[PDB]
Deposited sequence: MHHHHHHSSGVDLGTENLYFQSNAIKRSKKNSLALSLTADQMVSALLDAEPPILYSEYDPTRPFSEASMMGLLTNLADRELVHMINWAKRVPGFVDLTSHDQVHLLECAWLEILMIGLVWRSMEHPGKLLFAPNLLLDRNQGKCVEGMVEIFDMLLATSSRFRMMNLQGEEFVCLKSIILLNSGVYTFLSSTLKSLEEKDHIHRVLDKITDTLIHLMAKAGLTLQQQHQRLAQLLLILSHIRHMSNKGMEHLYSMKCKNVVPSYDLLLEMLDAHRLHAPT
């Protein structure tokens, strides 16, 4: 039962599910070329993908879905989930993106790739906004799980798929309750609780925009197949 958990239990599951922080390929030729930077970043994302699937299976409600729909959700969300992880890692490094512990890149180093400096500016801006809002890890892991579930749910049809959508909205309602509980426990007024909830959820639309602009720039210079995701889930 996924919809049985209390708000306090839900936070433990999400924090226990959290994937590890990984390193980039140790000691590349620095400084980077456009080819070598895209090599290291690609190397990192593909290794992070494996821990995202293991994370995804531990997110309450996800394993209850069919395998086909689990792939669909991850196929829509995987870049947004990498991006918010980056933005979260970066928080306490103003003007810098912490891709890995050994790969802290400032704004000016995005220039190497060309077109990329646009994407860096957007990722940095999101991290500034999180620093402005004083985003907490309990709130952060809740927003990641909302991205995983929400960002592919609209494209689903029979009585099976109707229940599958309804189930997802029920878990999304559960994660909303869990976000508000944390804000109430922290001692914000109801007016502030609602105001903060809205501000957090409106940042997910900017993350989607960053994801799309990111996908376009990646095709400008591969993207994860249905078979790779299914293989990683069952095995």
Checklist line | Ranges of the deposited sequence (numbered from 1) for which no C-alpha atom is modelled | finding: 1-32, 189-190, 256-259, 274-280
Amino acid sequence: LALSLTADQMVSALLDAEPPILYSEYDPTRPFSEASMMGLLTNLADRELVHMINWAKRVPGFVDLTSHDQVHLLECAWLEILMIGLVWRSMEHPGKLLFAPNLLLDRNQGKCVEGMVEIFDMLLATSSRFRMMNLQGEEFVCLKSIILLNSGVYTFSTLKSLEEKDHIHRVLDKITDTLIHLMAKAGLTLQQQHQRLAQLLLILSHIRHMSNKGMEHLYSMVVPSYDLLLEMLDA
From here on, numbers count along this sequence of modelled residues.
Note to self: Given the other compared entries that model the residues flanking it, would you say residue 34 is unmodelled in at least one third?
What the structure shows: yes
Check: Relative to the other compared entries, is residue 159 without coordinates in a third or more of them?
Finding: yes
Next item on the list: Using only the Cα atoms and their B-factors as the entry lists them, report which of 48-56 and 24-32 averages higher.
Entry: 24-32
Notebook entry, point to check: Which wins on mean Cα temperature factor, 208-216 or 222-230?
Noted result: 222-230
Check: Based on what the PDB entry reports, which of 77, 98, 113, 122 has the top C-alpha B-factor?
Finding: 113
Next item on the list: Name the third of the chain's ranked CA B-factors that contains residue 130, choosing lowest, middle or highest.
Entry: middle
Notebook entry, point to check: What third of the chain, by the recorded C-alpha B-factor, contains residue 202?
Noted result: lowest
Next item on the list: Using the B-factors in the PDB entry, rank residue 196's C-alpha atom against the chain and give the third, lowest, middle or highest.
Entry: lowest
Check: In terms of the chain's CA B-factor thirds, is residue 90 lowest, middle or highest?
Finding: lowest
Checklist line | residue 43 - Cα temperature factor, lowest/middle/highest third of chain | finding: lowest
